[PDB]
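Spelled out from the first residue to the last, the chains are:
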Amino acid sequence: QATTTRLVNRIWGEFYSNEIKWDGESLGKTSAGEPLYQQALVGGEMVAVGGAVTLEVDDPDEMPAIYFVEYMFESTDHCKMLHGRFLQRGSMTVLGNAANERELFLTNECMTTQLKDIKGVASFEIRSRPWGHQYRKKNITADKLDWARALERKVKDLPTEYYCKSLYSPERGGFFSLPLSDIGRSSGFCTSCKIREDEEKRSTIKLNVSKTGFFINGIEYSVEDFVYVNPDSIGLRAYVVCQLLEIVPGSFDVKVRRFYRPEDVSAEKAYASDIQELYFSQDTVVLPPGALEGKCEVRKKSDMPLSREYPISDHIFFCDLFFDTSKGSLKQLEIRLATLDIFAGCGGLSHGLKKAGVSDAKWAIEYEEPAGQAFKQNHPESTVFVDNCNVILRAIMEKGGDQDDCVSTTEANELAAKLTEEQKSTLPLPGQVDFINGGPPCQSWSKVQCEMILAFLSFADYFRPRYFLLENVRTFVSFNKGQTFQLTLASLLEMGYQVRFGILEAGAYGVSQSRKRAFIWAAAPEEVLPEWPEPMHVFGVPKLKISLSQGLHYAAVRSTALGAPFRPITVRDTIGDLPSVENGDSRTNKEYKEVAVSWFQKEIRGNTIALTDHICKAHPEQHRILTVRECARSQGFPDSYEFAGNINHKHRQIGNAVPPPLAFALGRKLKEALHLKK
Ligand SMILES: Nc1ncnc2c1ncn2[C@@H]1O[C@H](CSCC[C@H](N)C(=O)O)[C@@H](O)[C@H]1O
Ligand SMILES: [Zn+2]
């Protein structure tokens, strides 16, 4: 019941069916003076820079490993050394059983060994297909050829042939573009080895002889600077902000001053105060240099960026007053991309992306009328298509003259035949979309090929956008024993993408409700993959762990339970300002009763004066359930947002949306990635 292209259907169905010498002269010498060579002959086989060799290791049942050579040289001992980077097999990576048999992945670990211990030379090549939708058809033809010859080698029992496409980084959990310009140089300077030695050099305390500054965790810590200190170190809260006063005689300790946050005095004091408020103190304490977690900046109330964004992304505080703990009271002293939001919903994600300045929703797809109406009301310029995705994809396939490249049922064709001329003419075309985002719903192969999934994959395959965003609930990496996640990664890699995945928590970005969302980024090989945003608010949630292969694990972002630069947001900061109502109220347009007091209410009330959607069905103090506007505030929806349909449709839109601050942070990261362009 799902219209999918040939490639995705084929992949999913295939998965679900079940004497030593040198050559030439030396080219130069290494740093130590050892002459390096280029070509060698051993046992009738030829070894050259850029090839792949096999080594001998224990467990003879496992077939020998593959090493991509980097450089070979001759030492004064008169031996023959060769240095090679490991080529990880696809079956041992996160993909698992769904990985390609002939696929290898580059790694960052390299080792040197004697040449006499190699088993032999294996064929190896690197493929760099041009990127674009127009070449797409041609590509599959080549793939068909790749299906034949190798199969012939299976019949003739010839040795297999491998290839490499992308570099695997389990520490970042991503497949990235091969650094071609920094590989295969044959100069004795391995980039991975230099990176590893630089990393090993760091993470060690540097005892600077100058009594002005030092180095910690690869950062420079100077005198008269503001630092963060873990409250547990000081004999859930935020980072204790201090000022580095002096260093006294793993050999020096730091004596620092102190600042007191408004939440320390009383809850009510912070309930009516800013988020960058601090109090001076005369308390000085001595700590080891390993208790510092970052750098802050405390400024005056005379020069500010005047960009009061939400959520806050820069570490900056201010303090113009004094304090005294003894008394107990404080005293005075060109890049926007056209996008298509499949499964648009109420439009929260699209609103956040557009607010971030990287997206403008020129198209959308919706299943239910009220959600499409809400999207149209909030996004007037978005051409919302209120219909099922199968018929819409079939229509664009027919318009593009590729009706033979889609597995569509009769119902999809007959429903697509009823579209008018205007609807057909307003459809997009390949080459006009540079961004595709949306989260498909989630819920022997014949019963799984009708799932709402693979529709997004077919859309991405047909359009081939520059960037690709996918999102689901936190259990997307555990559905069907994780098979669907592996298959999605395999399909995205087969298309020729750089992909990455990560679990994010919405409770550490300015939202009072905890929510875990799994995101997958994909990009073209010529573009830079965006980085994950950094949390700034504390929340009682452990590290976000994704189960990889070989027992390894990867975390998208650092934990925030230990501390964060900003205090958490509670319930009173969200719904403590709206006027009270009675049970079963059914009035839409009201007026505000009280002025904004808390920081969150001040930020979210904006300039509007007309309260809307304060409707509840038939709360710690009132004997009634939360209203629609209360839920919208709890999810970070600004009051200016508009809805549609009845109350049940509004609640369903609320419960299936994405917090706008999270989308804003992701869009800011994407904007940074776009600006950081080669
Ligand atoms: N076949 C289909 N085509 C389009 N939308 C569909 C669909 N099946 C379900 N939907 C809708 O897709 C939504 C799933 S949740 C998606 C929310 C959206 N990403 C947002 O940011 O708000 C629901 O509104 C659901 O009704
Ligand atoms: Zn090296």
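For this deposition, the record names cryo-EM as the technique by which the model was determined and cites 3.29 Å as its resolution.

If you check the PDB entry, the protein chain appears there as DNA (cytosine-5)-methyltransferase 1 from Arabidopsis thaliana.

## What to know about the domain arrangement of the protein chain
According to the domain assignment, the protein chain consists of domain 1 (31-199), domain 2 (213-318) and domain 3 (570-678). The distance between the C-alpha centroids of domain 1 and domain 2 comes to 48 Å.

## Structural notes on unusual backbone geometry
In this model, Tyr-310 is joined to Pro-311 through a cis peptide bond whose omega is 0 degrees. Relative to the helices and strands, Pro-311 is located in the loop between β21 (298-299) and β22 (317-318). Notably, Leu-454 is not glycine yet its phi reads approximately 70 degrees, a positive angle. Counting through the fold element by element, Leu-454 comes out in the loop between β26 (435-438) and α11 (455-463).

## Let's talk about the side chain of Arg-624
As for its placement among the helices and strands, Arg-624 is situated in the loop between β33 (610-611) and α15 (628-634). For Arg-624, the side chain forms a polar contact with the side chain of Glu-630, separated by 3.4 Å. Excluding residues within four positions of it along the chain, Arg-624 makes contact with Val-581, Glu-582, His-614, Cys-616, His-619 and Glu-630.

## Observations concerning the sheet that holds strand β19 (residues 279-287)
Across the sheet, 5 strands lie side by side as β19-β18-β17-β16-β20; this open sheet has antiparallel pairing. The open sheet has two edge strands with one neighbour each: β19 and β20 (292-296). Going from strand to strand, the sheet's axes swing by 40 degrees on average, the running direction of each strand aside.

## Topic: the UniProt feature "active site" in the protein chain
UniProt annotation of "active site" refers to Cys-442 when read in the numbering used here. Structurally, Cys-442 can be placed in the loop between β26 and α11. Look at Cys-442 and you get partly exposed, because its relative accessible area is 38%.

## Examining the environment of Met-397
Structurally, the position occupied by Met-397 is in helix α8 (residues 389-399). When the C-alpha positions of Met-397 and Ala-361 are compared, they lie 21 Å apart, and in sequence the two are 36 residues distant. Those residues in contact with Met-397, other than ones at most four positions away along the chain, are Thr-5, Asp-402, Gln-403, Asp-405, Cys-406 and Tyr-462.

## Quick notes on the coordination of the zinc ion (ligand 2)
All of the protein donors around the zinc ion (ligand 2) are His-83 (NE2), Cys-110 (SG), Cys-190 (SG) and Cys-193 (SG); their distances to the metal are 2.5 Å. Here the zinc ion (ligand 2) binds 4 donor atoms, and the angle range of 71 to 139 degrees at the metal identifies the geometry as irregular. Each donor residue of the zinc ion (ligand 2) lies on one chain, and together they are spaced H-x26-C-x79-C-x2-C. In this pair, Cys-110 sits in strand β9 (residues 103-114) while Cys-190 sits in the loop between β13 (174-177) and α3 (191-201), placing the two residues 80 residues apart along the sequence. Grouping residues by exposure puts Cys-110 and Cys-190 together as buried.

Reading the values: the criteria
Residues numbered from 1 in each chain as written, not as in the entry; some residues may be left out. Chains lettered and ligands numbered in written order. Heavy atoms only, no water. Residues with missing side-chain atoms left out of burial classes, pairs and counts. Domains from an automatic or database assignment. Helix = DSSP H or I, 4+ residues; strand = E, 2+ residues; numbered from the N terminus. Polar contact = N/O pair within 3.5 Å; in protein donor to acceptor, adjacent residues only side chain to side chain. Contact = heavy atoms within 4.5 Å. Pairing = 2+ DSSP bridges. Axes fitted to C-alpha atoms, helices over the stretch in contact; angles between N-to-C directions. UniProt positions renumbered as here; feature names shortened; annotations may be inferred. Buried < 20%, exposed > 50% of the residue type's maximum accessible area, 1.4 Å probe, protein only. Donors = N, O, S within 2.8 Å, 3.2 Å for Na, K, Ca; no water. Tetrahedral: all angles 85-135°; square planar, octahedral: opposite > 155°, others 65-115°.

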